[PDB]
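Written below as structure tokens is the structure these notes are about.
Protein chains in written order, with the entry's author numbering: chain A, 573 to 620; chain B, 379 to 418, 430 to 501, 514 to 620; chain C, 430 to 501, 514 to 523; chain D, 621 to 668.
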């Protein structure tokens, strides 16, 4: 076998949306932010 | 973002734009158009789709504080973002034989005559083996991506480069890059009673925008 | 027979693009409409593309877009940091 | 700012500071983890 081509894609992401003063409360601040996320990973190969 | 908007029904209003993202005049007009009218005979509660459009693209904390018949519409929001993308195509040629690669799409691009245009991660190399085990490459890379908008036709985003490097046997070399870095500020005072050091803060619609974006292409 | 409270979308257009403090002071039946506003702005943009060529070999770079530009015949035109 | 590159020492210097600078920034995206899942690997560059 020999590897010809390929693509090892790898992404990430983050989108938090606070309220400026009452967003970093360490206890009840969590219910003020709309914490998005996106993890993604995709591999690809072509052999022969 | 930040913003304080005072408003009285009989004594004028204090609104701002571009940093408070919602005027008290448009929102007071929409809510003023929102309370239902009566009949002669049925009373329809169906006057809407103006707050549904004005509040469609909007993410701010908007409270309404009544104090002495002054609707203190306070608007504030803060939202961070963080992307991180790592991609690595690969190819296997012989010496002095060009070869490329693609994982993209074919998008109908109209010219007047619709023509098919290729997008996506392309990597067209033509390596040459120099003595001392050094490799000369003629690399014509492209990272295209379909962006929306769609003004008259679809728009793209390209990140292409067409260079010629001379790397070592297995060592990395940086080809291109872009270290973008921005800032921004848009405060909107009221001229005399805006620089009050204590209560002046609730008169200005202090916008901000911090942004930073790095990019590299290695081989 | 019903009285409609729906005469609007004239203040909603006249006050659409407007950022001023507009108070209404009645004094002796004289509506002293006082208007005032002050707004500062400050942008700061630092960008630094980079490239790696050989000697005497041209090369370019781009992080832009492709926008449909109509000539009569729509043609694709490149933008962005070249 | 032009910068000529003589040998493997020059591309060692420039490619080392750019590569380890960007990898270092991904490490600052690794210690500064995601707000939801600490047990999720960020996309990080290889070792050397």
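C-beta: ideal position from N, C-alpha, C; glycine also.
Where residue i falls: helix, strand or coil (DSSP)
| i | result |
| --- | --- |
| residue 535 of chain B | strand |
| residue 574 of chain A | coil |
| residue 615 of chain A | strand |
| residue 638 of chain D | helix |
| residue 440 of chain C | helix |
| residue 649 of chain D | helix |
| residue 604 of chain B | helix |
| residue 626 of chain D | coil |
| residue 445 of chain B | coil |
| residue 632 of chain D | helix |
| residue 587 of chain A | strand |
| residue 479 of chain C | strand |
| residue 643 of chain D | helix |
| residue 451 of chain C | strand |
| residue 410 of chain B | helix |
| residue 404 of chain B | helix |
| residue 553 of chain B | coil |
| residue 383 of chain B | strand |
| residue 564 of chain B | strand |
| residue 487 of chain B | coil |
| residue 621 of chain D | coil |
| residue 595 of chain B | coil |
| residue 431 of chain B | coil |
Closer than 8 angstroms to chain C by CB, residue i
| i | result |
| --- | --- |
| residue 415 of chain B | yes |
| residue 438 of chain B | no |
| residue 433 of chain B | no |
| residue 554 of chain B | yes |
| residue 500 of chain B | yes |
| residue 444 of chain B | no |
| residue 532 of chain B | no |
| residue 455 of chain B | no |
| residue 586 of chain B | yes |
Assigned exposure category for residue i - 16 Cβ within 10 Å defines buried
| i | result |
| --- | --- |
| residue 401 of chain B | buried |
| residue 455 of chain B | exposed |
| residue 614 of chain A | exposed |
| residue 571 of chain B | exposed |
| residue 589 of chain B | buried |
| residue 623 of chain D | exposed |
| residue 462 of chain B | buried |
| residue 597 of chain A | exposed |
| residue 564 of chain B | buried |
| residue 627 of chain D | exposed |
| residue 446 of chain B | exposed |
| residue 384 of chain B | buried |
| residue 543 of chain B | buried |
| residue 591 of chain B | buried |
| residue 491 of chain C | buried |
| residue 406 of chain B | buried |
| residue 404 of chain B | buried |
Chain B contact for residue i (CB, 8 angstroms cutoff)
| i | result |
| --- | --- |
| residue 461 of chain C | no |
| residue 601 of chain A | no |
| residue 458 of chain C | no |
| residue 648 of chain D | no |
Within chain A, partners of residue i - CB distance below 7 angstroms
| i | result |
| --- | --- |
| residue 611 of chain D | The first residue shown for chain D is 621 and the last is 668, placing residue 611 of chain D beyond what the model contains. |
C-beta neighbour in chain D for residue i, strict 8 angstroms
| i | result |
| --- | --- |
| residue 589 of chain A | no |
| residue 348 of chain B | The structure shown does not extend to residue 348 of chain B, since chain B spans only 379 to 620, so no value can be given for it. |
| residue 447 of chain B | no |
| residue 557 of chain B | no |
| residue 617 of chain B | yes |
Where residue i meets chain C, residues with beta-carbon distance less than 9 angstroms
| i | result |
| --- | --- |
| residue 484 of chain B | None at all; the shortest Cβ gap to chain C is about 18 angstroms. |
| residue 495 of chain B | Neighbours of residue 495 of chain B on chain C: none; closest Cβ ~15 angstroms, over 9 angstroms. |
| residue 549 of chain B | Under the 9 angstroms cutoff, chain C gives no residues; its nearest Cβ is about 11 angstroms from residue 549 of chain B. |
Partner residues on chain D for residue i, Cβ-Cβ distance less than 8 angstroms
| i | result |
| --- | --- |
| residue 582 of chain A | 663 |
Closer than 9 angstroms at the beta carbon, the chain A residues around residue i
| i | result |
| --- | --- |
| residue 465 of chain B | 591, 592 and 593 |
| residue 522 of chain B | 579 and 581 |
Test: residue i CB closer than 8 angstroms to a CB of chain A
| i | result |
| --- | --- |
| residue 386 of chain B | no |
| residue 473 of chain B | yes |
| residue 660 of chain D | yes |
| residue 418 of chain B | no |
| residue 527 of chain B | no |
| residue 430 of chain B | no |
Proximal chain B residues relative to residue i, where beta-carbon distance stays under 8 angstroms
| i | result |
| --- | --- |
| residue 628 of chain D | 569 and 572 |
| residue 491 of chain C | 559, 560, 561 and 562 |
| residue 644 of chain D | The premise fails here: residue 644 of chain D is roughly 11 angstroms from chain B at the closest Cβ pair, so nothing lies under 8 angstroms. |
Contacts of residue i in chain A (Cβ-Cβ under 8 angstroms)
| i | result |
| --- | --- |
| residue 480 of chain B | 576 and 577 |
| residue 545 of chain B | Ordered by position in chain A, no residue passes the 8 angstroms Cβ test against residue 545 of chain B, which lies about 14 angstroms from the chain. |
Contacts of residue i in chain C (Cβ-Cβ under 7 angstroms)
| i | result |
| --- | --- |
| residue 394 of chain B | 448 |
Contact with chain E by residue i, beta-carbon distance below 8 angstroms
| i | result |
| --- | --- |
| residue 398 of chain B | Included in the structure are the protein chains A, B, C and D, with no chain E among them. |
Report yes or no: do the region 458 to 473 of chain B and the region 481 to 494 of chain B share at least 3 C-beta pairs separated by less than 8 angstroms? no
Evaluate contact between the region 391 to 399 of chain B and the region 409 to 417 of chain B, counting only Cβ atoms and requiring at least three cross-stretch pairs below 8 angstroms. When Cβ pairs closer than 8 angstroms are counted between the two stretches, the region 391 to 399 of chain B is seen not to touch the region 409 to 417 of chain B, the count staying below three.
Touching by the beta-carbon criterion (3+ pairs, under 8 angstroms), the region 573 to 587 of chain B and the region 600 to 610 of chain B: yes
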